[PDB]
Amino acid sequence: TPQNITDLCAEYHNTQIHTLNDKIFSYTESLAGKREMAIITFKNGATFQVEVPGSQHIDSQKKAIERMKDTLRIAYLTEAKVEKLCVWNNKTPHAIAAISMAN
């Protein structure tokens, strides 16, 4: 079991760590059918998605997907610094797999 985001991220193919150390600049969420997703940006232009739940997801991921959107909204509203994101780099925008918050 990994003990940090960077080691977690290394367990997966097509992932990488983005180091932001910054608050979220914008938070966008949609309820439109087939686009039940969130999108975040940082002021450097970095853009990330929480993907719409789908066949690339297993059942254990559904609750975690909803939690991640919860986390992004509250981080946004509190202006919490995001340390790192583990993202899938084979999607545009890159898709979030994990987040770390630290000063």
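Here the rigid core means the biggest group of C-alpha atoms that line up within 1.5 Å when the two forms are laid on top of each other. One-based numbering along the sequence shown.
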Worksheet item: After a core fit, does 55-63 or 27-35 show the bigger CA gap to the shown form in 8 other deposited structures of this protein?
Response: 55-63
Worksheet, complete the sentence: Averaging the C-alpha temperature factors as deposited, the higher value of 72-80 versus 50-58 falls on 50-58
Worksheet item: Out of 83-91 and 17-25, which stretch has the higher average CA B-factor listed in the record?
Response: 83-91
Discussion item. When the deposited Cα B-factors of this chain's modelled residues are ordered and cut into thirds, is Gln3 in the lowest, the middle or the highest one?
Written reply: highest
Worksheet item: In terms of the chain's CA B-factor thirds, is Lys34 lowest, middle or highest?
Response: highest
Discussion item. Test of reading the entry: by CA B factor among the chain's modelled residues, which third contains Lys43?
Written reply: middle
